[PDB]
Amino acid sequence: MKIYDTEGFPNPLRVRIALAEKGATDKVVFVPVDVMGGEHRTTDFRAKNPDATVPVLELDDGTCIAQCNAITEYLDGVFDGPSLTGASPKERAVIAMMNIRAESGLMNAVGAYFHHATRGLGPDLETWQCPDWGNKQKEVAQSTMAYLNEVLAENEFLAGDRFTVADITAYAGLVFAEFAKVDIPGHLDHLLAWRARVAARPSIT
């Protein structure tokens, strides 16, 4: 197993947290990809991943899996320990639902603000920008923060009483929010308490 990624980027972070949760950090080789230098856009990399994104998981049979959720699915399945994606149809459905609320409402909404409404990665990489869309997505991010705060008033973690991929996604979303200077409203006590608990997990520290 090889993971092609870029240290310091939030999607690669998600996969590194998942891998640590599965106790499998040492079971992969990490291969740096120079995103800032456009390596992810080259024809060699596009052959692995037509999305031209990092991270990419490449198996020993040449299969290349892209996207955080798909990668987490694989890692969750082949390694033991608690189930990040769920162990029954109900649990898998609930986790999936909550993970997508985090991903679309926070992670990708902050992303859209960063990449569209700020300089983002600079003009070489941000080849078309729509700042109106980006600024709206910052609002979506903040409304999602408030929703997750409500969930976390009644639940230890996003999907119930156990840590799952939904928590990893939301956590990375908050880290990304801070980097992008999207304010996390200070009255969201439950979200902030959950954040400190998650940040203290050994997979993240």
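Each residue number is its position in the shown sequence, starting from 1.
Averaged over their C-alpha atoms, the temperature factors of 71 to 79 and 106 to 114 are higher for 106 to 114. For the segment pair 163 to 171 and 42 to 50, the entry gives 42 to 50 the higher mean B-factor, averaged over Cα atoms. Within the selection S88, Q129, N99, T85, the deposited Cα B-factor values reach their highest point at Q129. Ranked by Cα temperature factor within the chain, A146 sits in the middle third according to the deposited record. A177: CA B factor in the middle third of modelled residues in this chain (values from the PDB entry). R195: CA B factor lies in the middle third for its chain, per the PDB record. When the CA B factors of the chain's modelled residues are split into thirds, the value for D60 lands in the lowest one. The deposited CA B-factor of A18 belongs to the lowest third of values across its chain.
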